[PDB]
């Protein structure tokens, strides 16, 4: 349904006249295609039947209940992202018309969802390399979709080079595996899981570690995320980790058969180093996207401890964490795409150049959001409080579940560092909350009419004029209450994760 | 009861190079694109093939 | 197919230099416990000429030699040494017969094969004479399994693909039989 | 160090290349101090392991 | 079971009520909005309870096998 | 006199000293040619010709095509030979000594009366066994056609 | 675990369409008219430009109907497939399937149909299209070949169940059924 | 409509004529290409009216008789 | 299951038989563990690289060195240039030692 509709959108888009209304309407055709895909997927795919694991397409693709969880999650998060490009994020024509200037935006996104959803299912080194390129090529194109922008093109060039080296490392590990065994199917390799150099699978992981931005490779991800348009950074900083971390978990599932300790020490060396950089790095930053880039690295460090431990509680910790972290990430970026309407306008010093690609770029552009919109400020406060790990939000249960998996497997050193690194990172999450509210009472009664939102035309002066569009507001509210009120249905959700199996059985 | 149920689910059986799940349901090489009978090294017979190890569905 | 291998002669001496190929002999003959057989001495062209008469005469032994390979279950070379000598003796029997019954008809045909790139399509005039001679003096016939008798290729009166150049000894011998035999 | 010296010779006027090469450069003391410390670290770590019987 | 969908619907009313504040509009604006947001989450709430009841049936059967395995371990 | 060593030493000498982009594109052509020639002899003649048809004929002349577009603007003999000599000493890619000093053969057999080229088998499997790999590739090619036009086309 | 009888592990494409229930056609119809409606519903939710409802141009509604025409069929195709695999209610199809196969064996024809594909091509085709409906939400792939790896035992079509003996079908031994693996390798053991 | 561009779903016949006059480089490339798959569909017609498909080649190795080894096989012995 | 180790002619190659015997043992249902198949796994790796057999050749080379056995009398005769596979070397009755024709077949 995804592939067939993609061809129809490719042909149709190249026929009709270049205009914003038609570009925005085609973006609403893709929102249907992704919705239709989820209905067909959930219809045939069930947890109860995919438990054993089912080979598809001459064993090239293997699907089980652990992979199947993430495909539905990926489809869901791709619906919430397409809602941004398909509806108004602000309603001001100047800021919004950027999302509709490109007709191939939705096509490239639909290309990536095919790439993302097939990566966890791969079961052959021949198709592992092909699928990882299909996902990797789609990201470079999306990073350069705004080809007029100098920073966007400079980022895609940086992205392509780093990913090309990353893909070469992945390709070289598979070749080395084929050299030793002569087999391509992953199941056939499992028969020789004790007879092959287990470090050649680690060389495979080193390639997948680059693509998720893990230190010492973290440098490029921070640069890329702080240069792309905020609508682009909202996608490329979350989606690759959804499908690669699922793949990394499976590869580590096979690896722990021989339980090689040297493999675990090197990965612990990278997890430990990344927590240090992910925490101390964000202390001295001014750009919000650079801040969320360091925040992303720290959460990936937590999620690797659940992957590295790889027990029965590690499935629960990973499955829960990857879901709550995606909703938190969408909620935060959606707010940053909206609160740009409250920016002031000059009528000077420090010569800060703002562009239509990142209207909100600095942390102090969040100033006085407690005054301009109190309800959305709390939503950003609740979201940041989840990242801090304050209970009983979603973020606490992610760290609590990760700690169970980590300590149950003897990772005492990493468990303590993650709890040190969490507190160090609380400093720079607290700065976002300091900027949001702390200067409320001095600014309470101010004469503000130079905001960007004050350039909106007055329609009637009799009817009520809401400040924020309908769809984006409903998404922000829904994900803010889900983050806040997870305590109500937490027991059902966690018991719904006990059933996700990866060859546990009995 | 909750402490009992969690103790059952959280437990992870030990896996070594002796017991682990391999998802191959059949022996390849019954038919080849050409020259199916090579040096006759295919000692495996498919007429009297022993039953394979079928997977366990813990929800059935 | 001219792919390089590690089992026979390759394309050029530059392949040998890269691989550092040594062409190794083994003087040791077979042990006396295995009774000796007289190996077939025919070259490529005579064998391709008499291939269908070896198939007609040694059909039972060839099938039995192969069935020993199928049921040896990987130990084929060692457990079919006795059944592999019947085939060698049977095939030597046919080539010895053609040399003592149809020496000129046989030689004419495989000289044609050595003249026309070892292709059966180019030597039908010589081949038809050899088949007719073999039938009367040894009762062997050429049959291609899997098709009706009326639709065998070598009996095709007007073939679509014909030799570009004629074999003089074939055309001369053919028209002589058009007088000796087609009375 | 010698390998990074060859990269210095190839490109010197370029600002970005010397920007990154300077970060990795080790002072003449560090090129001597670092190997001694690790050699001292490995000797003292192993030696104290035998004294403690573990 | 209606009370379970009652709670889910009341969560639907809260989201629409929380949407008004973000948009900065009076909480009585467009009263049909609260019905649509309520019914949307009752549809979600209806399915969510189906999913959890399905989990109970699956988890009871899996635990039947896990108890047997523990007894073999505890021998 | 395995002269394939001398071709790469010259190649390894010019890779250390190349300055402009003309020489950088020359290192590419000077590397494929030893790759093609060492594949023509020894291992695989089919993939020597596929490399020439696909790399030289398709992706190499694209480099020089864009170099004319991009721009054309703008060490010591002791260190180079010292580095090249040091690079020259240790050339054993693997440390299985017996695997590198002991020769092997294969035994041929006559069981394969349907002899056809490798490209016959590769097509036999790519268009039947792994038809998903073939179909994804045409999908990756399709995305590039869209991907090139969105990146480069102005309006 | 709702398990039923496994009619066919790899149901053929023409069979899956011929087994649509009336409700399956309804889903195909609903999917066809749902996609154009979803475009209208979004405009009612929020106009694309301006602040007031404006019907989307007819060209978008035609491409929307096509996209929902395949999506509706794909949902219909997968739902019909679950019955064959046994994941869903298949009692109605089991009798319908048994009637066709018992009739087919009776005429000495193969239940699976004659095939242009050789033995390797038949088995290779089965590998590609078996369990391929699980990713039918991503890209399409259908079993359009008359192969023989359907995951059933043809012995189970000999025994008579309730309400079947009245059909009075005569079933020969499988060794005499045309185009079956148990009836082909009579001359050579590697050629059918 | 003396020269208007035809609408395909209202004037199918005239729509092709517009493209068979103004775009001969597209119309006949599609017309030639479709004649291949069309001819493939008419293969069953040829089977029932012209001639059957040939027998498949013996490209599976040596044809092994489907039986047990002969027990009375003699001759050509040592 | 997917085909692995396909020869250059479409049939099973040298080491396919060993790999197939491994799959039969691993996917068998009468095995409690994977211990019985451990020897079959070695044979498949052995068939491909001959590492153990090359090692055995190394000792027989090294043992003869420590005993003084003459390599030319323990080893097998060989020819390095294909043009000098002459009929004198091949053992033909009246064969010359003149080189053979390996120009064009």
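Miscellaneous remarks
Letters are used for the chains, namely A, B, C, D, E, F, G, H and I, taken in the order the chains are written, and counting of residues starts over at 1 for each.
By our rule, contacts are C-beta pairs under 8 Å (C-beta built on N, C-alpha and C of every residue); 3 or more make two chains touch, one makes a residue touch a chain.
Going by UniProt, the chains are A = NADH-ubiquinone oxidoreductase chain 2; C = NADH-ubiquinone oxidoreductase; F = NADH-ubiquinone oxidoreductase chain 6; I = BA75_05084T0.
Graph distance from chain C to chain F, where chains that touch are one step apart, equals 1. Path length between chain B and chain G in the touching-chain graph (shortest route): 1.
Of all chains in the assembly, those touching chain C and also chain D are F.
Comparing the chain pairs B-E and D-F, the larger number of C-beta pairs in contact belongs to B-E. Computed centre separation for the pair chain C/chain G is 52 angstrom, with centres defined by C-alpha atoms.
Chain D and chain G have centres, each the mean of its CA atoms, that are 66 Å apart. Here the spacing of chain F and chain G, counted between their Cα centres, is 46 Å. Centre-to-centre separation of chain C and chain I (BA75_05084T0), using mean CA positions: 29 Å. Within chain H, residues 58-65 each touch two or more of the remaining chains.
Counting only residues that touch two or more partner chains, chain E has 58, 61-62, 65-66, 69.
Residue positions 3, 48, 55, 57-61, 114, 188, 191, 194, 470, 498-499, 506 of chain A each touch two or more of the other chains. Contacts between chains, counted with the stated touch criterion, involve the pairs A-B, A-E, A-F, A-G, A-I, B-C, B-E, B-F, B-G, B-H, B-I, C-F, C-H, C-I, D-F, F-G, F-H, F-I, G-H. Those residues of chain A lying in contact with chain F across their complex are 3, 10, 57-58, 60-61, 102, 104, 107-108, 111, 114, 126-127, 130-131, 133-134, 137-138, 140-141, 144-145, 147, 156.
For chain G in complex with chain H, the residues that touch the partner chain are 116, 118, 185-191. The part of chain A that touches chain I (BA75_05084T0) in the complex is made up of residues 58-60, 124, 181-185, 188, 191-192, 194-195.
Partner chain G is touched in their complex by these residues of chain A: 1-5, 8-9, 12, 16, 20-22, 24-26, 28-29, 31-33, 35-41, 43-46, 48-50, 54-59, 61, 63, 86-88, 114, 117-118, 121, 459, 469-471.
Those residues of chain B that touch chain E in the shared complex are 5, 8-9, 11, 13, 58-60.
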